[PDB]
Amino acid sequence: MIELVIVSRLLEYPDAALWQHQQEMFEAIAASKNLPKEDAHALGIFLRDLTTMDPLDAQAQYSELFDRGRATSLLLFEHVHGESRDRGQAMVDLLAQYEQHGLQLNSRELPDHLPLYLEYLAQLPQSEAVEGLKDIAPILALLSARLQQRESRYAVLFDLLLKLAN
């Protein structure tokens, strides 16, 4: 699902490459087949709001929101498993599930890093990707809920992912 890649990029630390490929993304969002017209609009609003900021200023807001705290962490297993040892085995089992689909970590991010996990989902058949979102949907909803409390438009990206889940 191109939508899953698109959200994966928008949910990551705002990279300069976002600004120089905004045209490509705006068009992909516009021609989206998996999102109703109103949600594609909301996603395009988000991208436009993001890339009218200077990346340095986008990066600073992102960190104030996702890198300062645990309640807004993008490591999924930090929301699933309370014991650190449980998280470990979960990460291993997720790494193996990646290896099963012929995918190998080529990053310095953890396996349950949501943007990374979305990249994995996007490689799957439609149904296989949709189940993935259903699997983490209580996490998606908590994060969205929390972001709304902080009155942050990143919540939009979680609602869109939840929408894609049904």
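We number the residues from 1 along the sequence you see.
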{"item": "Of 91-99 and 72-80, the one with larger mean CA B-factor", "value": "91-99"}
{"item": "Higher-B stretch (mean Cα B-factor, as the entry records it), 32-40 or 46-54", "value": "32-40"}
{"item": "Assigned third (lowest, middle, highest) for the C-alpha B factor of residue 59", "value": "lowest"}
{"item": "Third of the chain's Cα B-factor distribution that residue 140 belongs to, per the entry", "value": "lowest"}
{"item": "Third assignment of residue 125 from its chain's C-alpha B-factors", "value": "highest"}
{"item": "Within-chain third of residue 115 by Cα B-factor, per the entry", "value": "lowest"}
{"item": "B-factor third for the C-alpha atom of residue 160 within its chain", "value": "lowest"}
